[PDB]
Amino acid sequence: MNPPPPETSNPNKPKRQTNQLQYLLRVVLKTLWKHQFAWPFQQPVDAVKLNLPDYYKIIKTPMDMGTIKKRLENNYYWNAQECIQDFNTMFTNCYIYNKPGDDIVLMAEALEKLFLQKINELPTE
Ligand SMILES: CCn1c(=O)cc(SCC(=O)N2CC[NH+](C3CCCCC3)CC2)c2ccccc21
Ligand code: NA
Ligand code: NA
């Protein structure tokens, strides 16, 4: 069974639109989204479809780029660091559940190195 996906809206969470958060959506996420290795990360892990029954036994804080994309579009974040943390959680989950050398890890590594190149310089507020 899959758990409920992470929330993409929360009316009592404080929000704001910063230049950096707009950059994370327009530049950083759109670039990673078009990558050849992006498809496994574009939606929450379906433990039933992918035949990964132990996934949510191991991963207690799931995250994916589809959730991040909706969070950015719905103005869910307070600052860019909250969004960067969601990216880091998505990558760390992949390295926790899988092992070095796996195809999915090679994909995550390629996206993480691209992610670091794009956020090395953010716009100023
Ligand atoms: C980034 C999320 N994610 C994964 O972490 C792993 C995978 S594939 C992991 C995989 O193929 N495994 C990992 C689990 N493994 C066994 C599954 C049965 C329990 C014992 C472990 C079977 C082979 C993945 C695939 C599609 C989309 C997302 C995926
Ligand atoms: Na691991
Ligand atoms: Na940049």
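For the single chain, residues carry numbers from 1 onward in sequence order. All ligand and atom numbering here is 1-based and tracks the order in the structure.
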Heavy atoms of the protein only: does one fall short of 4.0 Å from atom 16 (C) of ligand 1?
no
Taking everything shown except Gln85 itself, do over 12 heavy atoms lie less than 6.0 Å from its CD?
yes
Report yes or no: does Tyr23 have an N/O/S atom closer than 3.0 Å to the Na ion (ligand 3)?
yes
Can you spot which of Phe41, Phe37, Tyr97 makes a side chain to side chain contact (heavy atoms under 4.5 Å, CB included) with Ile104?
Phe41
Name the option, out of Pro44, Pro40, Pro62, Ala108, that contains the heavy atom nearest to atom 28 (C) of ligand 1.
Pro40
Counting neighbours of NZ on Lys57 that are heavy atoms of other residues, nucleotides or ligands and sit closer than 6.0 Å, is the number greater than 12?
no
of all protein heavy atoms, closest to atom 3 (N) of ligand 1 is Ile104 CG1, 4.0 Å
With the Na ion (ligand 2) at the center, what angle do O from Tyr95 and O from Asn98 span, rounded to 10 degrees?
70°
Check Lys15 with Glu82, please: is the shortest side-chain N to carboxylate O separation under 4.0 Å?
no
Just to confirm my output: which protein heavy-atom neighbour is closest to atom 2 (C) of ligand 1, and how far is it?
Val45 CG2, 3.5 Å
Closer than 3.0 Å to the Na ion (ligand 2), do we get an N, O or S atom from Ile96, backbone or side chain?
yes
Validation row: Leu21, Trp78 side chains within 4.5 angstrom (heavy atoms):
no
Short side-chain to backbone donor-acceptor contact, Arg16 and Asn75, under 3.5 Å
no
The closest protein heavy-atom partner of atom 18 (C) of ligand 1 is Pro53 CD, 3.9 Å
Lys69 with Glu73: basic N within carboxylate O range, under 4.0 Å:
yes
Under 6.0 Å from the CD atom of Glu125, do we count more than 12 heavy atoms belonging to anything else shown?
yes
Which ligand 1 atoms, with their elements, are less than 4.0 angstrom from a heavy-atom of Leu50?
25 (C), 26 (C), 27 (C), 28 (C)
Atom name in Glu121, limited to N/O/S, at shortest distance from the Na ion (ligand 3):
O
Can you tell me if CG on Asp103 sees more than 12 non-hydrogen neighbours from other groups inside 6.0 Å?
no
Which residue and atom name correspond to the protein heavy atom nearest atom 1 (C) of ligand 1, and how close is it?
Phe41 CE2, 3.4 Å
Among non-hydrogen protein atoms, atom 9 (C) of ligand 1 lies closest to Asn98 OD1, 3.5 Å
Distance to 0.1 Å, residue and atom name: give those for the protein heavy atom nearest to atom 14 (C) of ligand 1.
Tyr97 OH, 3.1 Å
Any N, O or S atom of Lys118 closer than 3.0 Å to the Na ion (ligand 3)
yes
Please identify which of these residues, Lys70, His35, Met90, meets the side chain to side chain contact (heavy atoms under 4.5 Å, CB included) condition with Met65.
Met90
Name the option, out of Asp54, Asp103, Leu52, that contains the heavy atom nearest to atom 8 (S) of ligand 1.
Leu52
